[PDB]
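Enquirer: My structure is stored as data.cif, with mmCIF, C-alpha atoms and all ligand atoms; chains and numbers go by the auth columns.
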data_final
loop_
_atom_site.group_PDB
_atom_site.id
_atom_site.type_symbol
_atom_site.label_atom_id
_atom_site.label_comp_id
_atom_site.label_asym_id
_atom_site.label_seq_id
_atom_site.Cartn_x
_atom_site.Cartn_y
_atom_site.Cartn_z
_atom_site.B_iso_or_equiv
_atom_site.auth_seq_id
_atom_site.auth_asym_id
ATOM 1 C CA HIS A 1 218.607 -67.551 -54.880 0.00 213 N
ATOM 2 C CA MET A 2 215.671 -68.244 -57.322 0.00 214 N
ATOM 3 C CA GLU A 3 217.386 -67.268 -60.632 0.00 215 N
ATOM 4 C CA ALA A 4 220.142 -69.887 -60.117 0.00 216 N
ATOM 5 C CA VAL A 5 217.450 -72.529 -59.437 0.00 217 N
ATOM 6 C CA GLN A 6 215.368 -71.533 -62.465 0.00 218 N
ATOM 7 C CA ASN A 7 218.504 -71.781 -64.587 0.00 219 N
ATOM 8 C CA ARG A 8 219.067 -75.326 -63.302 0.00 220 N
ATOM 9 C CA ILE A 9 215.442 -76.315 -63.977 0.00 221 N
ATOM 10 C CA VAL A 10 215.573 -75.075 -67.589 0.00 222 N
ATOM 11 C CA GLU A 11 218.986 -76.626 -68.230 0.00 223 N
ATOM 12 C CA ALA A 12 217.806 -79.999 -66.798 0.00 224 N
ATOM 13 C CA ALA A 13 214.540 -80.030 -68.816 0.00 225 N
ATOM 14 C CA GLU A 14 216.270 -79.078 -72.095 0.00 226 N
ATOM 15 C CA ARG A 15 218.619 -82.111 -71.733 0.00 227 N
ATOM 16 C CA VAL A 16 215.669 -84.573 -71.978 0.00 228 N
ATOM 17 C CA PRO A 17 215.076 -86.259 -75.362 0.00 229 N
ATOM 18 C CA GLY A 18 212.032 -84.859 -77.127 0.00 230 N
ATOM 19 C CA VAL A 19 212.044 -81.418 -75.378 0.00 231 N
ATOM 20 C CA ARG A 20 211.934 -78.509 -77.885 0.00 232 N
ATOM 21 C CA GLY A 21 212.748 -75.872 -75.342 0.00 233 N
ATOM 22 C CA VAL A 22 211.093 -74.702 -72.184 0.00 234 N
ATOM 23 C CA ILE A 23 208.201 -72.491 -73.232 0.00 235 N
ATOM 24 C CA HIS A 24 207.115 -71.407 -69.714 0.00 236 N
ATOM 25 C CA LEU A 25 208.388 -71.904 -66.167 0.00 237 N
ATOM 26 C CA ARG A 26 206.691 -70.466 -63.055 0.00 238 N
ATOM 27 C CA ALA A 27 208.588 -71.358 -59.820 0.00 239 N
ATOM 28 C CA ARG A 28 207.792 -70.147 -56.316 0.00 240 N
ATOM 29 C CA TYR A 29 209.235 -70.845 -52.896 0.00 241 N
ATOM 30 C CA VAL A 30 206.987 -72.454 -50.284 0.00 242 N
ATOM 31 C CA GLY A 31 209.274 -72.069 -47.401 0.00 243 N
ATOM 32 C CA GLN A 32 212.621 -73.605 -48.414 0.00 244 N
ATOM 33 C CA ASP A 33 210.876 -75.775 -51.075 0.00 245 N
ATOM 34 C CA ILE A 34 210.163 -74.959 -54.743 0.00 246 N
ATOM 35 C CA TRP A 35 206.799 -75.644 -56.375 0.00 247 N
ATOM 36 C CA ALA A 36 206.819 -75.167 -60.128 0.00 248 N
ATOM 37 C CA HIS A 37 204.739 -75.440 -63.277 0.00 249 N
ATOM 38 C CA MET A 38 206.547 -75.950 -66.661 0.00 250 N
ATOM 39 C CA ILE A 39 205.406 -76.042 -70.305 0.00 251 N
ATOM 40 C CA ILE A 40 207.808 -77.781 -72.720 0.00 252 N
ATOM 41 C CA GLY A 41 207.761 -77.684 -76.500 0.00 253 N
ATOM 42 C CA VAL A 42 207.363 -80.984 -78.378 0.00 254 N
ATOM 43 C CA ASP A 43 207.294 -82.077 -82.009 0.00 255 N
ATOM 44 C CA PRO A 44 203.680 -81.588 -83.310 0.00 256 N
ATOM 45 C CA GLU A 45 203.929 -85.016 -85.031 0.00 257 N
ATOM 46 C CA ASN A 46 204.595 -86.769 -81.677 0.00 258 N
ATOM 47 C CA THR A 47 201.591 -88.650 -80.361 0.00 259 N
ATOM 48 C CA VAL A 48 199.828 -87.376 -77.245 0.00 260 N
ATOM 49 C CA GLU A 49 201.167 -90.494 -75.492 0.00 261 N
ATOM 50 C CA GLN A 50 204.732 -89.673 -76.580 0.00 262 N
ATOM 51 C CA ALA A 51 204.257 -86.089 -75.295 0.00 263 N
ATOM 52 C CA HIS A 52 203.030 -87.529 -71.955 0.00 264 N
ATOM 53 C CA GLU A 53 206.131 -89.737 -71.790 0.00 265 N
ATOM 54 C CA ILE A 54 208.421 -86.713 -72.421 0.00 266 N
ATOM 55 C CA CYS A 55 206.673 -84.690 -69.724 0.00 267 N
ATOM 56 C CA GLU A 56 207.121 -87.598 -67.215 0.00 268 N
ATOM 57 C CA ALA A 57 210.822 -87.854 -68.168 0.00 269 N
ATOM 58 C CA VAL A 58 211.255 -84.106 -67.619 0.00 270 N
ATOM 59 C CA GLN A 59 209.607 -84.396 -64.221 0.00 271 N
ATOM 60 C CA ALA A 60 211.970 -87.253 -63.255 0.00 272 N
ATOM 61 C CA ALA A 61 215.081 -85.477 -64.586 0.00 273 N
ATOM 62 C CA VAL A 62 214.379 -82.115 -62.938 0.00 274 N
ATOM 63 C CA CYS A 63 213.232 -83.551 -59.583 0.00 275 N
ATOM 64 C CA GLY A 64 216.301 -85.862 -59.555 0.00 276 N
ATOM 65 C CA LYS A 65 218.753 -82.999 -60.150 0.00 277 N
ATOM 66 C CA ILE A 66 217.147 -80.284 -57.984 0.00 278 N
ATOM 67 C CA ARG A 67 216.488 -81.661 -54.534 0.00 279 N
ATOM 68 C CA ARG A 68 214.534 -78.647 -53.235 0.00 280 N
ATOM 69 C CA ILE A 69 211.670 -79.097 -55.766 0.00 281 N
ATOM 70 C CA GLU A 70 208.710 -80.670 -53.925 0.00 282 N
ATOM 71 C CA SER A 71 206.080 -80.137 -56.642 0.00 283 N
ATOM 72 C CA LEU A 72 206.562 -80.036 -60.404 0.00 284 N
ATOM 73 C CA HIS A 73 203.845 -80.104 -63.075 0.00 285 N
ATOM 74 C CA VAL A 74 204.948 -80.454 -66.681 0.00 286 N
ATOM 75 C CA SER A 75 202.676 -79.893 -69.713 0.00 287 N
ATOM 76 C CA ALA A 76 203.497 -79.834 -73.446 0.00 288 N
ATOM 77 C CA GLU A 77 202.738 -77.642 -76.461 0.00 289 N
ATOM 78 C CA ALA A 78 203.504 -78.139 -80.171 0.00 290 N
ATOM 79 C CA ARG A 79 206.652 -76.297 -81.212 0.00 291 N
ATOM 80 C CA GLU A 80 208.007 -75.962 -84.722 0.00 292 N
ATOM 81 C CA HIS B 1 223.026 -75.087 -47.385 0.00 213 P
ATOM 82 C CA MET B 2 226.562 -76.675 -47.590 0.00 214 P
ATOM 83 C CA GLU B 3 225.569 -80.396 -47.465 0.00 215 P
ATOM 84 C CA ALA B 4 223.410 -80.051 -50.618 0.00 216 P
ATOM 85 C CA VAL B 5 226.352 -78.357 -52.398 0.00 217 P
ATOM 86 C CA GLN B 6 228.863 -80.984 -51.264 0.00 218 P
ATOM 87 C CA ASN B 7 226.496 -83.663 -52.538 0.00 219 P
ATOM 88 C CA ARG B 8 226.412 -81.941 -55.938 0.00 220 P
ATOM 89 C CA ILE B 9 230.215 -81.630 -56.050 0.00 221 P
ATOM 90 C CA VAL B 10 230.735 -85.342 -55.306 0.00 222 P
ATOM 91 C CA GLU B 11 228.016 -86.434 -57.733 0.00 223 P
ATOM 92 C CA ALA B 12 229.501 -84.221 -60.510 0.00 224 P
ATOM 93 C CA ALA B 13 233.097 -85.443 -59.947 0.00 225 P
ATOM 94 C CA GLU B 14 232.087 -89.134 -59.846 0.00 226 P
ATOM 95 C CA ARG B 15 230.441 -88.776 -63.311 0.00 227 P
ATOM 96 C CA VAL B 16 233.820 -87.945 -64.960 0.00 228 P
ATOM 97 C CA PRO B 17 235.601 -90.777 -66.819 0.00 229 P
ATOM 98 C CA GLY B 18 238.612 -92.051 -64.908 0.00 230 P
ATOM 99 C CA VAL B 19 237.409 -90.966 -61.403 0.00 231 P
ATOM 100 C CA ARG B 20 237.513 -93.851 -58.869 0.00 232 P
ATOM 101 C CA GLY B 21 235.530 -92.038 -56.249 0.00 233 P
ATOM 102 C CA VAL B 22 236.038 -88.846 -54.344 0.00 234 P
ATOM 103 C CA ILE B 23 238.548 -89.603 -51.610 0.00 235 P
ATOM 104 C CA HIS B 24 238.447 -86.173 -49.890 0.00 236 P
ATOM 105 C CA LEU B 25 236.459 -82.957 -50.281 0.00 237 P
ATOM 106 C CA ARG B 26 236.960 -79.846 -48.114 0.00 238 P
ATOM 107 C CA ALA B 27 234.548 -76.997 -49.078 0.00 239 P
ATOM 108 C CA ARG B 28 234.151 -73.666 -47.312 0.00 240 P
ATOM 109 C CA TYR B 29 232.078 -70.574 -47.954 0.00 241 P
ATOM 110 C CA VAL B 30 233.887 -67.298 -48.633 0.00 242 P
ATOM 111 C CA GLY B 31 230.920 -65.092 -48.508 0.00 243 P
ATOM 112 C CA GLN B 32 228.354 -66.531 -50.947 0.00 244 P
ATOM 113 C CA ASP B 33 231.144 -68.333 -52.896 0.00 245 P
ATOM 114 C CA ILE B 34 232.565 -71.842 -52.353 0.00 246 P
ATOM 115 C CA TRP B 35 236.298 -72.561 -52.349 0.00 247 P
ATOM 116 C CA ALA B 36 237.123 -76.253 -52.327 0.00 248 P
ATOM 117 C CA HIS B 37 239.939 -78.779 -52.426 0.00 249 P
ATOM 118 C CA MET B 38 239.200 -82.335 -53.760 0.00 250 P
ATOM 119 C CA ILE B 39 241.216 -85.572 -53.980 0.00 251 P
ATOM 120 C CA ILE B 40 239.940 -88.116 -56.534 0.00 252 P
ATOM 121 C CA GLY B 41 240.918 -91.754 -56.863 0.00 253 P
ATOM 122 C CA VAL B 42 242.486 -92.903 -60.149 0.00 254 P
ATOM 123 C CA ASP B 43 243.706 -96.189 -61.599 0.00 255 P
ATOM 124 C CA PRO B 44 247.335 -96.736 -60.366 0.00 256 P
ATOM 125 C CA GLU B 45 248.282 -97.854 -63.919 0.00 257 P
ATOM 126 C CA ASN B 46 247.188 -94.475 -65.387 0.00 258 P
ATOM 127 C CA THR B 47 250.097 -92.233 -66.283 0.00 259 P
ATOM 128 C CA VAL B 48 250.695 -89.075 -64.256 0.00 260 P
ATOM 129 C CA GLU B 49 249.668 -87.145 -67.389 0.00 261 P
ATOM 130 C CA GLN B 50 246.404 -89.109 -67.625 0.00 262 P
ATOM 131 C CA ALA B 51 245.746 -88.387 -63.914 0.00 263 P
ATOM 132 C CA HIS B 52 246.374 -84.664 -64.605 0.00 264 P
ATOM 133 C CA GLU B 53 243.888 -84.800 -67.490 0.00 265 P
ATOM 134 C CA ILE B 54 241.231 -86.425 -65.236 0.00 266 P
ATOM 135 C CA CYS B 55 241.757 -83.801 -62.541 0.00 267 P
ATOM 136 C CA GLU B 56 241.334 -80.988 -65.160 0.00 268 P
ATOM 137 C CA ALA B 57 238.141 -82.665 -66.450 0.00 269 P
ATOM 138 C CA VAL B 58 236.778 -82.877 -62.896 0.00 270 P
ATOM 139 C CA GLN B 59 237.537 -79.204 -62.368 0.00 271 P
ATOM 140 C CA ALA B 60 235.687 -78.298 -65.599 0.00 272 P
ATOM 141 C CA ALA B 61 232.704 -80.560 -64.830 0.00 273 P
ATOM 142 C CA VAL B 62 232.218 -79.402 -61.234 0.00 274 P
ATOM 143 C CA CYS B 63 232.764 -75.682 -61.939 0.00 275 P
ATOM 144 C CA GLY B 64 230.367 -75.926 -64.931 0.00 276 P
ATOM 145 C CA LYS B 65 227.582 -77.524 -62.868 0.00 277 P
ATOM 146 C CA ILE B 66 227.958 -75.560 -59.605 0.00 278 P
ATOM 147 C CA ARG B 67 228.008 -71.866 -60.365 0.00 279 P
ATOM 148 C CA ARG B 68 228.866 -70.711 -56.827 0.00 280 P
ATOM 149 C CA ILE B 69 232.303 -72.441 -56.827 0.00 281 P
ATOM 150 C CA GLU B 70 234.971 -69.758 -57.379 0.00 282 P
ATOM 151 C CA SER B 71 238.021 -71.887 -56.515 0.00 283 P
ATOM 152 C CA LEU B 72 238.495 -75.625 -56.971 0.00 284 P
ATOM 153 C CA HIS B 73 241.746 -77.587 -56.657 0.00 285 P
ATOM 154 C CA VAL B 74 241.693 -81.231 -57.686 0.00 286 P
ATOM 155 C CA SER B 75 244.478 -83.746 -56.922 0.00 287 P
ATOM 156 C CA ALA B 76 244.634 -87.521 -57.502 0.00 288 P
ATOM 157 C CA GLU B 77 245.635 -90.630 -55.549 0.00 289 P
ATOM 158 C CA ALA B 78 245.958 -94.276 -56.647 0.00 290 P
ATOM 159 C CA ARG B 79 242.851 -96.279 -55.791 0.00 291 P
ATOM 160 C CA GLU B 80 242.388 -100.002 -56.215 0.00 292 P
HETATM 161 CU CU CU C . 201.369 -92.560 -68.346 0.00 301 U
HETATM 162 CU CU CU C . 248.123 -79.968 -68.604 0.00 302 U
HETATM 163 NA NA NA C . 206.063 -94.596 -76.579 0.00 303 U
HETATM 164 NA NA NA C . 246.220 -88.550 -72.691 0.00 304 U
#
So that I can check it, write out the structure of this file as C-alpha cells.
Ligand SMILES: [Cu+2]
Ligand SMILES: [Cu+2]
Ligand code: NA
Ligand code: NA
Expert:
Amino acid sequence: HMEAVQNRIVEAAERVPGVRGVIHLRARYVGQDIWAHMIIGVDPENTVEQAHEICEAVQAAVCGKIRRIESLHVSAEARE
Amino acid sequence: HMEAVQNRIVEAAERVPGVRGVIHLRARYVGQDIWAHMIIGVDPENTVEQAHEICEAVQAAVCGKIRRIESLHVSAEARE
C-alpha cells in the first residue's frame, strides 16, 4: 500500500512551483494515517522566505491530494 | 477503502474540460483492482464527436491519476 502513496506524495510535491525535485521522503503509517517528513530542492538564489513559501505550498498541495496524511513536515535544500 | 477512491474518481473527472458533473459512478473491486462505469454530463449543444472526445479525456485523466483502476467505461448525457 505504501509505495503507491509515496508515489502520489512525490508526484504532488513536484507539481508545485519552485520545487526542484523531492530530495528525501520518509513516510510511515500510524495506524491508517501517514506521517511524513519531506526535503524539497529549491533554487539557491531564492530567498529563505521564498523557500518557506514553497515548503508551505507543498504541504498544502500534498495534504489536499492525499487525505490519509495527518502530519507532513517539509524542509528545503539548495539544488542546482 | 472504496469511498476515498470514488471521491478521487469524481474529483478527477470533474477537472476535465467539458464535464458538467459526474451523473453516475458505479465502482467495484475485482480483487485489488477497480472496474468502473461512469456517466458524465455534457453541454447538449456539443456534437456527439465532442462528447466522445470528452469521455476519452475523462478516461485518460482518471486512469492516469488512480493506478488501481483496470477498467473504466465513460458515457455522456446532456446536462443543462
Ligand atoms: Cu510564513
Ligand atoms: Cu474516437
Ligand atoms: Na514572496
Ligand atoms: Na473536436
Enquirer: Select, from P:267, P:278, P:251, P:288, the residue with the minimum atom-to-atom distance to chain N, counting all atoms listed in the file.
Expert: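 For chain N, the nearest of the candidates is P:278.
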Enquirer: Counting all atoms listed in the file, which residues of chain N come no farther than 12 Å from chain P, as a list in words?
Expert: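 Using all atoms listed in the file, chain N residues at most 12 Å from chain P: residues 213, 215, 216, 217, 219, 220, 223, 224, 244, 276, 277, 278, 279 and 280 of chain N.
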Enquirer: Fewer than 6 positions away in the same chain doesn't count, so skip those; otherwise give me all residues within 9 Å of residue 287 of chain P, counting all atoms listed in the file, as a list in words.
Expert: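 My reading of the contact set: residues 249, 250, 251, 252, 253, 263, 264 and 267 of chain P.
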Enquirer: Just need the box for segment 238-254 of chain N, edges along x, y and z, holding every atom the file lists for it with 3 Å tacked onto each side, so centre and edge lengths in Å to one decimal, as JSON.
Expert:
{"center_x": 208.7, "center_y": -75.6, "center_z": -62.9, "size_x": 13.9, "size_y": 16.8, "size_z": 37.0}
Enquirer: Mind dumping a table of every chain N residue within 9 Å of ligand CU 301 (chain U), with the nearest atom pair and its distance in Å to one decimal, using all atoms listed in the file, sorted by chain and rising number, as CSV?
Expert:
residue,atom,partner,partner_atom,distance
N:261,CA,U:CU301,CU,7.4
N:264,CA,U:CU301,CU,6.4
N:265,CA,U:CU301,CU,6.5
N:268,CA,U:CU301,CU,7.7
Enquirer: Taking into account all atoms listed in the file, which residue in the set N:290, N:231, N:246, N:221 is nearest to residue 260 of chain N?
Expert: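 Closest to residue 260 of chain N, using all atoms listed in the file: N:290.
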Enquirer: Quick one: pull the distance between atom CA of residue 218 of chain P and atom NA of ligand NA 304 (chain U), Å, one decimal.
Expert: 28.6 Å
Enquirer: Mind pulling up the distance from atom CA of residue 285 of chain P to atom CA of residue 228 of chain P?
Expert: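 Answer for the atom CA of residue 228 of chain P to atom CA of residue 285 of chain P separation: 15.5 Å.
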Enquirer: Please measure the separation of atom CA of residue 271 of chain P and atom CA of residue 236 of chain P, giving the value in Å to one decimal.
Expert: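 Interatomic distance here is 14.3 Å.
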Enquirer: Give me, as number ranges by chain, all polymer residues having an atom no more than 8 Å from residue 281 of chain P, counting all atoms listed in the file and skipping those fewer than 4 positions away in the same chain.
Expert: P: 245-248, 275
Enquirer: I would like the residues chosen by the PyMOL selection byres (((chain N and resi 230) around 8) and not hetatm) on the shown file; could you give them as a VMD selection string?
Expert: chain N and resid 228 to 229 231 to 232 254 to 255 266
Enquirer: Output C-alpha atoms of each residue in that selection to a file, as a compact mmCIF listing (two decimals), in the frame of the given file.
Expert:
# COMPACT_ATOMS: atom_id res chain seq x y z
CA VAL N 228 215.67 -84.57 -71.98
CA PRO N 229 215.08 -86.26 -75.36
CA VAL N 231 212.04 -81.42 -75.38
CA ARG N 232 211.93 -78.51 -77.89
CA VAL N 254 207.36 -80.98 -78.38
CA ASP N 255 207.29 -82.08 -82.01
CA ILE N 266 208.42 -86.71 -72.42
Enquirer: Would you mind telling me which residue in P:239, P:222, P:214, P:289 lies nearest to residue 257 of chain P when using only C-alpha atoms?
Expert: P:289
Enquirer: Looking at N:233, N:243, N:238, N:262, which one is nearest to residue 291 of chain N, with distances taken over only C-alpha atoms?
Expert: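 Answer, going by the shortest atom-to-atom distance: N:233.
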